[PDB]
There are 2 protein chains.
Amino acid sequence: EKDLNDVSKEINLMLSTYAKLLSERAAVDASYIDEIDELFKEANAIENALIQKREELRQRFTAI
Amino acid sequence: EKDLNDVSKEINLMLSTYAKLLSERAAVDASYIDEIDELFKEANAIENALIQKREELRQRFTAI
Ligand SMILES: [Cl-]
């Protein structure tokens, strides 16, 4: 007794749910990229600061 | 007046902070993977269900 209209309803409901899942995946990716970007900026700042501390060591070794 | 001991302290502190950043990145990656995995399970369940609904359509089309 389940007819083509019933099956159509189910297909449309599932595709609606898929649209929500796609939107959720985009938001999750944006959040992840945001966190990774902050981490990368901080790691790069640590790297540059380490290069200048290595140059301070170098200057003191040259004074030796 | 800032001696090699001061520079050493600063380098060790920056590398300590870097270790914390690394563990934070690992946690961010685990969290991301957990969310992506749940999304993937849900999307695959939708896909299998849509295949099942396409077969229900197919059976009704065969019924003609
Ligand atoms: Cl790393």
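So that the names make sense, note that chain A is the first sequence line, chain B the second, and so on, each numbered from 1.
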**Student:** Can you tell me how far the CZ atom of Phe40(B) sits from the CG atom of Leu21(A), to the nearest 0.5 Å?
**Tutor:**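 Those atoms lie 12.5 Å apart.
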**Student:** Honestly curious: do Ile36(A) and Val28(A) fall in one hydrophobic cluster under the side-chain, below-4.5 Å linking rule?
**Tutor:**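 Same cluster: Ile36(A) reaches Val28(A) through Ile, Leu, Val, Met, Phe, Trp or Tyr contacts under 4.5 Å.
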**Student:** Answer whether the closest heavy-atom distance between the side chains of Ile11(A) and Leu57(B) falls below 4.5 Å.
**Tutor:**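 They are in side-chain contact.
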**Student:** Among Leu4(B), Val7(B), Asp6(B), which residue meets the side chain to side chain contact (heavy atoms under 4.5 Å, CB included) test with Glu56(A)?
**Tutor:**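 Going through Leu4(B), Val7(B), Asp6(B) one by one, the side chain to side chain contact (heavy atoms under 4.5 Å, CB included) with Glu56(A) is satisfied by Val7(B) alone.
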**Student:** If we ignore hydrogens and angles and just use 3.5 Å, is the side chain of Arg60(A) paired with the main-chain N or O of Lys2(B) as donor and acceptor?
**Tutor:**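 Confirmed, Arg60(A) side chain pairs with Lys2(B) backbone.
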**Student:** CD1/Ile46(B) to NZ/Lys20(A) distance, rounded to the nearest 0.5 angstrom?
**Tutor:**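 Between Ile46(B) CD1 and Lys20(A) NZ, I get 11.0 Å after rounding to 0.5 Å.
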**Student:** A side-chain contact here means heavy atoms from C-beta on lying under 4.5 Å apart; do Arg25(A) and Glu42(B) qualify?
**Tutor:**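 They are not in contact (no side-chain heavy atoms under 4.5 Å apart), so the answer is no.
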**Student:** Using a cut-off of under 4.5 Å on heavy-atom pairs, state which of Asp3(B), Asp29(B), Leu15(B), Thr17(B) scores highest against chain A.
**Tutor:**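 The option with the most such pairs is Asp29(B).
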**Student:** Hey, any chance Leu22(B) and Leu50(A) share a hydrophobic cluster, counting ILVMFWY side chains that come within less than 4.5 Å of each other, even indirectly?
**Tutor:**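 Yes.
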**Student:** Which value, rounded to the nearest 0.5 Å, describes the distance between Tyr32(B) atom OH and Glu35(A) atom CD?
**Tutor:**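 Those atoms lie 13.0 Å apart.
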**Student:** For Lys53(B) and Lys9(A), what are the C-alpha separation, side-chain angles and deciding distance, and is it a side-chain contact (heavy atoms from CB on, under 4.5 Å)?
**Tutor:** CA-CA 10 Å; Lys53(B) 299 300 157 192; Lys9(A) 208 158 149 171; over 6 Å; no
**Student:** For the residue pair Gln52(B) and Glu10(A), establish whether any side-chain heavy-atom pair is separated by less than 4.5 Å.
**Tutor:**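 Of all side-chain heavy-atom pairs linking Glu10(A) with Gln52(B), none is under 4.5 Å.
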